[PDB]
Amino acid sequence: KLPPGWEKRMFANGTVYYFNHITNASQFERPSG
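Residues numbered from 1 in each chain as written, not as in the entry; some residues may be left out. Heavy atoms only, no water.

- In the PDB archive, solution NMR is given as the structure determination method for this entry.

Structure follows, in structure tokens:
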């Protein structure tokens, strides 16, 4: 699936990104490890 704590997320305008629930980090390209 994804690295530790990362999951898919989405803006109110319909734009998709990735979010870490453990570390509160956020990024647009798919996380890797």
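Picking up where we left off.
**Re the packing of aromatic side chains**
Link 1 in the chain: Per the stated rule, a full pass over the model turns up three aromatic pairs.
Link 2 in the chain: Centroid distance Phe11 to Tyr17: 4.2 Å. Interplanar angle 25°. Geometry classified as stacked.
Link 3 in the chain: Seen in terms of ring centroids, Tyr17 and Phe28 are 6.1 Å apart; in terms of plane orientation they differ by 45°. Their pairing is tilted. Residue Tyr17 is found in strand β2 (residues 16-20), and its partner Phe28 is found in the segment after β3 (26-27); the two are separated by 11 residues along the sequence.
Link 4 in the chain: The residue whose ring lies beneath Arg9 is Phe19, and the NZ or CZ to ring-centre distance is 5.8 Å. (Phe/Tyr/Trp six-rings, centres within 6.5 Å; stacked < 30°, edge-to-face > 60°. Helix = DSSP H or I, 4+ residues; strand = E, 2+ residues; numbered from the N terminus. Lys NZ or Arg CZ within 6 Å of the ring centre and 35° of its normal.)

**As for the pairing of β2**
Link 1 in the chain: Bridge count for strand β1 (residues 6-10) against β2 is five bridges, and the pairing is antiparallel. Across the sheet, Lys8 pairs through a bridge with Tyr18, a residue of β2.
Link 2 in the chain: Taken together, β1 and the strand that follows it, β2, pair antiparallel across an intervening segment of five residues, in which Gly14 is found at a positive phi of about 90°.
Link 3 in the chain: Judged from the two bridges that link them, β2 and β3 form a sheet pairing that is antiparallel. Bridge assignment links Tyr18 to a residue of β3, and that residue is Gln27.
Link 4 in the chain: Counting the residues that bridge the hairpin from β2 to β3 gives five residues, and of these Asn24 lies at a positive phi of roughly 60°. (Pairing = 2+ DSSP bridges.)

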